[PDB]
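Following: one structure in structure tokens, then a few remarks.
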Amino acid sequence: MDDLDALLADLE
Amino acid sequence: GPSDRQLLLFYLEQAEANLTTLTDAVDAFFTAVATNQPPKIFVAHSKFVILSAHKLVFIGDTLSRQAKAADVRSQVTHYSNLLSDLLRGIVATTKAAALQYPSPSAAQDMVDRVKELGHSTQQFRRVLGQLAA
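See the structure below:
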């Protein structure tokens, strides 16, 4: 499981 | 076992609730793509899909860590890993659809990963119900 903040950050 | 069954019934209920939010986010995402919305729109909707599906990954993570039965741990860890893999796939294809916009093929790749996520999350929930029975 990945950190959600990091997944979102990569689309931001 | 008693503690596993109770844990599974509880998180089945949580999964069902989160699956509602996910279905709304996936629907909204598909609609964005079907009305040819630009990256500022479909990238936002991608993030909504990822955030809402991540709730299910987290449930899988929480369940897998606390379940006693080897087969329960195995199945839920499988789906947690699978969903996590698909979330990275959605980040990858979304970026590619934006970088190459407008590209019908890039968009269809993104749409396909999101469809696969929808299917796999429904399957995860089905399996929880089966495990809880």
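If you read the sequences in order, they're chains P and F.
Residue numbers are given in this note's numbering: position 5 of the first sequence equals residue 5, and the series is strictly consecutive.
Count along the second sequence from 1, then add 12; that gives the number in this note's numbering.
Here a beta-carbon is modelled for each residue, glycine too, at the ideal position from N, C-alpha and C.
Could you tell me whether any non-hydrogen atom of the ligand GTP is closer than 7 Å to the CB of residue 105 of chain F?
Looking for the ligand GTP in the displayed structure turns up nothing, as the structure carries no ligands at all.
Let me see if you follow: with CB-CB separation under 8 Å, is residue 8 of chain F close to chain P or not?
No answer is possible for residue 8 of chain F: it lies beyond the span of chain F, which begins at 13 and ends at 145.
Please state the DSSP three-state secondary structure of residue 112 of chain F.
If DSSP states are grouped into helix, strand and coil, residue 112 of chain F belongs with coil.
Compare the C-beta of residue 106 of chain F against all C-beta atoms of chain P and say whether one is closer than 8 Å.
yes
Compute the Euclidean distance between the alpha carbons of residue 101 of chain F and residue 125 of chain F, then round it to the nearest angstrom.
7 Å
State the Cα-Cα distance for the pair residue 32 of chain F and residue 42 of chain F, rounded to the nearest angstrom.
15 Å
Consult DSSP for residue 59 of chain F and reduce its assignment to one of helix, strand or coil.
helix
Take the Cβ of residue 22 of chain F as the centre, count every other Cβ of all protein chains shown within 10 Å, and call the residue buried at 16 or more, exposed below.
exposed
Closest to residue 18 of chain F by CA distance: which of F:130, F:80 and F:54 is it?
F:80
Following the continuous alpha helix (DSSP H) through residue 2 of chain P, name the residue where it begins and the one where it ends.
Judged by DSSP secondary structure, residue 2 of chain P falls outside any alpha helix (DSSP H); it is assigned neither H nor E.
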